[PDB]
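Asks: Here goes the first bit of my complex:
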Amino acid sequence: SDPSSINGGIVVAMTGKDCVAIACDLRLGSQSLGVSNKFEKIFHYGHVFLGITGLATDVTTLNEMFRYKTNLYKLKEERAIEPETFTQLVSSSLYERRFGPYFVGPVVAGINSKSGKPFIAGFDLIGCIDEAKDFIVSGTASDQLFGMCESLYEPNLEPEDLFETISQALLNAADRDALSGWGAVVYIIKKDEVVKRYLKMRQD
Amino acid sequence: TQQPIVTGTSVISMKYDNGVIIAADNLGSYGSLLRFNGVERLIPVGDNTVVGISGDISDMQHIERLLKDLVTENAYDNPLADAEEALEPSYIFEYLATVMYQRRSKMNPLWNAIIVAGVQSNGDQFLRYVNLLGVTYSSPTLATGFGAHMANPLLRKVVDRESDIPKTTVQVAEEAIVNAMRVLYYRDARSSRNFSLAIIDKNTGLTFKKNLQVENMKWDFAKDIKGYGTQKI
Amino acid sequence: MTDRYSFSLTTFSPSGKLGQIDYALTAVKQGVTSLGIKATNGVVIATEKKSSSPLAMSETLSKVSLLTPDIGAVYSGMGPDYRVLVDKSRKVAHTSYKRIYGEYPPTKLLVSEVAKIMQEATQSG
Amino acid sequence: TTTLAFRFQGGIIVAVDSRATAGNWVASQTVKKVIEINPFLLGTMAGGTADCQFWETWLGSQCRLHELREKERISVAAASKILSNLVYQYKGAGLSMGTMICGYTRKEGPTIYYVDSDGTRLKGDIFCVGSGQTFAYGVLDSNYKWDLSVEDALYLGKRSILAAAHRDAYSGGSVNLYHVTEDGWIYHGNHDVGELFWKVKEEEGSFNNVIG
Amino acid sequence: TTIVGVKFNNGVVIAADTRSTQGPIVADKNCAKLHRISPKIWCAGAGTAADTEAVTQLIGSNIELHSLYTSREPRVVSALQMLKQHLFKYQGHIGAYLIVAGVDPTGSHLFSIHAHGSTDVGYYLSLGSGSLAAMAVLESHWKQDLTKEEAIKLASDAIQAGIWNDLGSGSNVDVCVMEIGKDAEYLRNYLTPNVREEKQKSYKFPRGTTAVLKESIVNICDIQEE
Amino acid sequence: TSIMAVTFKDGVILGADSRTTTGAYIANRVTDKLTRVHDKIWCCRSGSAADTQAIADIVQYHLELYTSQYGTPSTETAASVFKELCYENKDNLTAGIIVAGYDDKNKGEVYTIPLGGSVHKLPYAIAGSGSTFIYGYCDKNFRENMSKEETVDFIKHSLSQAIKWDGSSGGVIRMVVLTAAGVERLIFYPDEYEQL
């Protein structure tokens, strides 16, 4: 009944020293029934990464929408969109549906190509921006993720240390949520290299 | 299950170095009608306890009779009724707390919030809360209804934790209480200017003050306020 | 009433000329001189305040106008046409950009939006 | 939840998962869903956890009183009916219960009774109860034979819970196995689903849809 | 949320806490609730957080265009009128509760605005879940002819009352001072009385702790030449 | 809310308390409920604050535009504009407005517009939650052609009682006097009117 918890799933993002990390589970379900273990929730438009939790049809729709908009942006601006600018575009786009919203929990992550500054941001379903220095969480196990991140996180982690921290935050949060899990992906993002890692986890 | 009809608003209280203070206004409201203007909502039990009651007045009057009966009963076959075996604040509270929880458990509550303020045999300050649900808690400052939202923040600036209690005199405590009552009169639509205040001190005993009034009020600044935005005249 | 001019007033002549555009350019030619120079660390735009009367307060007539905090504009030709274009340019900088991306448009894109408005007056009814 | 029990040549196999949830929140992964009524009788726990716990421990007390008075082991028929008659008295009040009362006696042989909080009492060969019951039934129905060995029957029960644990969001944690004989039940260990899944996937070649 | 506004001698000050919540969970511990409508007109918002930021940007955008059109610095009464007529039209469905303050050629001003479109004038105001705790402090210590230093002190003390006593408020105090004939000074994290203590343990993991199935390089670059 | 308007020999006086409540919380204790729609046409507001402010702002706009074209409007005209808004939008409004004004031809006039959007011209009018408690007092004490001082006393005493009994009313008593001489604002504090 509650649209934001029909399909399930989670996203988490963190900042480190000259790097950002964003991660998600792979589950799609119809309430109790598991339907897919390959439903990735992180997308990217150039060097800007977007994770989306919530109602899966809207997750797909918004990804297709932001691909649409960032492609036109690039043609007109003659440059790739930056994380700070994209964050405002997500906010704008969500609020235009103020009284008929997309049931989603977006998360932006990336590094500004000019300043080199790591950036993360979160939103509610209606467009309010949460721009945290440390971490952003979203999805059906957001409470669990808040608990994990709050204790595990420390500032200025190196890329390969940040990977371990965000991976353990996701995994243990997802294992305490019925509607999350069935696999996981972690992106480690530096100024000009991005590594994608699939994690081994319990399949129940 | 019922609904409150005639009601009393905030009861506020706090601990200080040698005892406790408790206060409550003299109004009995009938919805938005300020019906009864001479209602005493602080009820002393002996010379060491004062029970402050908010909420339904008919239930208050019932509780008042229970406490009156409790004193009578304690005196029966009790040569030390006015000495070692007198009623303690802790005895009076525990009795009320038992009654309140039993009544909620029969789905027929006494529609009240109660604060028992007093001083024990060994000189210790007693201050504890109980309500229609049977919920109980203690704190250096306690308040009911609107008092909880407006009085507590002010009273907590004087006594913020346990260690602030010995540093707080009766003059400072009474001042803080009287100011809180003024603030409640400004901001609570079901309050009155007239109130009662009781001090229970381990040295000077029970001082019960009736017919107090909120004074030193600021209203002059109202003359300059015009319209709701653009109006100048 | 109703605007019953739903057809183009600018059309191609046999020689391939768009007469009304050429004539508009003639009106620009008659206008007071304005100029622009780009430096390594800035740009300058300038024009003459041709006062219509000495009793007129020429400070109240702004030929050089702020469009955004980082963009400015100057003109040659018909002043009233310029004034309304500045109004439309300031608004379009907000509606079609700042209210979407949370920042002011780059120079080239605001220019693109102004150009689009001027193009439509060349084809619309 | 996923609980099953089935009769076969070597007695009864009882297999359950271990997960307990409050909404989407996983409260526990270590729930004991097989109640040990006594050394000879087992009960499964689905529906209300307290209701099953409380009343099946109580059932054990009634069974003990029976055999003290009658100097004879209580039948599975009689034991199950004590429970079903009890819950029928509470019908309407809101008890939530779906259980299999399992036992192996001389006069009956291996016997399973499905007992329900609406008062249902059914004797049967294969029962499967919980949010993941449909998944476990599939594996059971296609692989069940009366002449299964104790080793194969134990695996079938384990594999059927695993099937449910994988697909049903509210089933998982670990698998508890029991084998009920005439001389009493025998516990066959706690098996973490996380480790069991990968083990079964490799050895069996199943779950090709999942990347390991 | 706890937000206050206090008039003083030569201007007005507004303040706010920095906690935003979804239910009982703290979403952001250092949220910025002081919004800019124009350089010298600032407002603080309680209620639906998207609505408060959305309605302040829209009016702030239209105020800027109005300022350019009229060649005059924006007035607080204009922001007030535009906000209330927008909010009234949506009959409370836009859940923005604002305290609007600023200076303009007319003088210094302080208003409040409820979501249905009603407005109020005052020398001291408070809004949000911690407004009762804040108003208690304001009613206890406010006087006529406050100085700048006294008003900042009173405003932040009122926010502190909310921080400590209201569960909906917490973390830090943001302040913005708008004085006549001066630039408005935005004091982000004016007070910081809620720094977390050092943890007992470091939870940095040994490298190789997490099990990995696959690694790959993600192509973020565009299609290459040659 | 306790509001009233009373005609007298030299014109009309509007009176009001200053309390605005959200439930039992007093959101504003120094509210100005006497609002100006024209130089010598004012109104007292009761009901939804958002609605009555929205209506008053629209009326002020209408009377400003009327004045630019046709000169000073009558009090009747102002009441008609109020009525038109209240009647036509009765389904979506909660507004009880008293309109009071001074002409030189008509002198002091009072019109009351209750919830439905009907209009009633009266010698004096009372409204707001607190008015219920003073129907008896006002009926017994009102006289026509009172002096300025008598009318101030009548309003002060009336609203004093309304405040005393109604929890939704309180604070200061504001008044606005409308005569040929001009527009005079009066304020009376609790320490004054409570002892009456």
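Replies: It's in. Numbering: from 1, shown residues only, chains lettered A, B, ... in the order given.
Asks: rest of the way, CA atoms for contacts and neighbours
Replies: Noted.
Asks: OK, contacts around the most centrally placed residue in chain F?
Replies: With distances taken as Cα atoms, centre = their mean, chain F has residue F:44 as the residue nearest its mean C-alpha position (2.8 Å). By Cα atoms under 8 Å, 6 or more residues apart in numbering or on different chains, residue F:44 lies in contact with F:3-5, F:14-16, F:33-35, F:97-99.
Asks: Any chance of CSV for those residues, columns distance to residue A:19?
Replies: Shown next, in CSV, are the contacts of residue F:44 (distance: Cα to Cα, whole Å):
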residue, distance to residue A:19
F:3, 65
F:4, 69
F:5, 70
F:14, 68
F:15, 67
F:16, 64
F:33, 59
F:34, 61
F:35, 60
F:97, 63
F:98, 66
F:99, 67
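Asks: out of the residues you listed, who's nearest residue E:172?
Replies: Set against residue E:172, the nearest of those by Cα to Cα is residue F:33 (36.9 Å).
Asks: can you give me the strands for the chain?
Replies: Picked chain A for this. Ranges of strands within chain A are A:10-16, A:19-25, A:28-30, A:33-36, A:42-45, A:48-54, A:104-111, A:118-123, A:129-130, A:135-139, A:184-190, A:193-199, based on DSSP state E.
Asks: my bad, chain C
Replies: For chain C, the strands defined by DSSP E cover C:34-39, C:42-47, C:65-68, C:71-73.
Asks: Please list all residues in contact with residue 7.
Replies: Using chain A here. A:28-31, A:54-56, A:179.
Asks: wrong one, I was asking about chain F
Replies: Counting by Cα under 8 Å, 6+ apart, residue F:7 has contacts F:13, F:108-110, F:123-124, F:144-145.
Asks: can you add chain G next? sequence is:
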Amino acid sequence: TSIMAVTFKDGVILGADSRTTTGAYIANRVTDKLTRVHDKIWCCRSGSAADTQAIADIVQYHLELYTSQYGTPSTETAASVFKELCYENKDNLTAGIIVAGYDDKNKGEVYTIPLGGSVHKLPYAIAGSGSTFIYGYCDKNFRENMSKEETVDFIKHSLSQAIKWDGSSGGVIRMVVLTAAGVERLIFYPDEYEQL
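Replies: Alright, chain G goes in next:
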């Protein structure tokens, strides 16, 4: 319903209208709402007629049995019996009763028992739907130790206004005077009190 009881120098007087309505229909226009529970202890009834009649009958029984054993009861005692019934059966009753009586030791006394079942001893009391409109008037005009003629005028004028504004009230004004001299019934007709 409009009911009131007022203490004065020589004792106490109870006053009431005579209208009983079923919706907008006046089921009885000559009702006697002043009821006798003892020789010099009477009461005014408001709320459910069935409930207040049932209660009054039970109280009268209790005070009759009290008198047989312990002699004449006090007015306080009568009020306590009323309260006991109203408080203990609050869930199933809709009764607002004013109790008035005359002792020689205590003289005139008035107790009001509102819906909840609480008791309040007062110099005078007002109740019933029509009482809302005369809180202002009664507060301004009541004095302690009035004469019999002054108290009759006070009640007559008060209930006159309550009747004027409340549709649920009307008919005749009945009164019962309780003093050392005895029990006197008074009645006042519309043609008398309407012109006040």
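Asks: Go back to the contacts of residue A:7, now with chain G?
Replies: Contacts of residue A:7 by Cα under 8 Å, 6+ apart are A:28-31, A:54-56, A:179.
Asks: excluding its backbone neighbours, what's nearest it?
Replies: Counting by Cα to Cα, 6 or more residues apart in numbering or on different chains, residue A:7 lies nearest to residue A:29, which is 4.7 Å off, once chain neighbours are set aside.
Asks: burial measure for that neighbour, as a count.
Replies: 22 (other Cα atoms under 10 Å in any protein chain shown).
Asks: which strand residues sit across from it in the sheet?
Replies: residue A:34 (DSSP bridges).
Asks: was I right about it contacting residue A:179?
Replies: Yes - between residue A:29 and residue A:179 there is a contact at 7.3 Å, judged by Cα atoms under 8 Å.
Asks: Could you name every residue contacting both of these two?
Replies: A:7-8.
Asks: List the contacts of the closest residue to residue A:35 other than its chain neighbours.
Replies: Spatial nearest neighbour of residue A:35, excluding adjacent residues (Cα to Cα, 6+ apart): residue A:29 at 4.8 Å. By Cα under 8 Å, 6+ apart, residue A:29 lies in contact with A:6-8, A:35-36, A:179.
Asks: Run through the bridge partners of the most centrally placed residue in chain A.
Replies: The centre of chain A sits closest to residue A:51, judged by Cα atoms, centre = their mean, with a distance of 2.6 Å. Assessed by DSSP bridges, residue A:51 has beta-bridge partners residue A:42, residue A:107.
Asks: Contact partners for it?
Replies: Per Cα under 8 Å, 6+ apart, neighbours of residue A:51: A:11, A:22-24, A:41-43, A:106-108.
Asks: can you add chain H next? sequence is:
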Amino acid sequence: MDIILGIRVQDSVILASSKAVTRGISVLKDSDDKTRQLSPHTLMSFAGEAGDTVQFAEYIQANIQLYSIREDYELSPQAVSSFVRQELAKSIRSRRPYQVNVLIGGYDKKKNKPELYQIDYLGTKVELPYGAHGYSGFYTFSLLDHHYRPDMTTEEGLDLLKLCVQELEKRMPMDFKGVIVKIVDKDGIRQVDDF
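Replies: Placed with the earlier chains, chain H looks like this:
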């Protein structure tokens, strides 16, 4: 309607769909074909609210056939499924949404690969080796999880499908009157007339 299954094997996609049409108390028909051919190598089965199912299916069919004529080209299964998803994603926020769940089984002639897409009425799309809608998955997925291999032949797929239908016929309360089975491969679409 009720049960619709799908399985993608080595070289083909197999769709199984029930034959029963029940209007409340009576079974009105026991030979209903709950499928439409969108293009020569693309088949769509459907289940949901009465009327809406066929209306939606034929509407999609018309649109794909229109595209095929305009461009003289068959859209890929992926492209068709994306079109269908958008229509349903548009539909869910309409005045009256289409209450229709679909499976799209196609053979991509460019990639020489079978493809199976599962899309529910909300516009939730997933590519799968095997899929179902409604309660069908609850009974069948445990069998498919166990036996499925990506290198299965069409004959092995049909045998695994028979086992799934047998389990449905055993444990489901409703009588769905058997299934119509259709195979989609490089040669197009054909119906298995004995099942």
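Asks: once more on the contacts of residue A:7, with chain H this time?
Replies: A:28-31, A:54-56, A:179.
Asks: Residue A:155 now?
Replies: A:15-17, A:134.
Asks: ok, now residue F:32?
Replies: Contact partners of residue F:32, counting by Cα under 8 Å, 6+ apart, are B:225-228, F:18, F:174.
Asks: still on that earlier bit, and the contacts of residue A:155, which two are the farthest apart?
Replies: A:17 and A:134 (11.2 Å).
Asks: With neighbour numbers in mind, choose between the two.
Replies: residue A:134 (18 against 14).
Asks: how far away is the residue of chain F found nearest chain E from residue D:63?
Replies: Per Cα to the nearest Cα, residue F:50 is where chain F lies closest to chain E, at 4.0 Å. Going from residue F:50 to residue D:63 by Cα to Cα, to the nearest Å gives 72 Å.
Asks: how about residue D:166, what does it touch?
Replies: Going by Cα under 8 Å, 6+ apart, the list of residues near residue D:166 reads A:34, A:203-204, D:172.
Asks: quick one: what helix or strand has it in it?
Replies: Residue D:166 belongs to helix D:150-167 when assigned by DSSP states H and E.
Asks: what does residue B:54 give?
Replies: Using DSSP H and E, residue B:54 falls in strand B:49-56.
Asks: Pairing partners for that strand, with directions?
Replies: Note on strand B:49-56: by DSSP bridges, its sheet partners are strand B:6-8 (antiparallel), strand B:42-45 (antiparallel), strand B:112-119 (antiparallel).
Asks: Sweet, I'm off.
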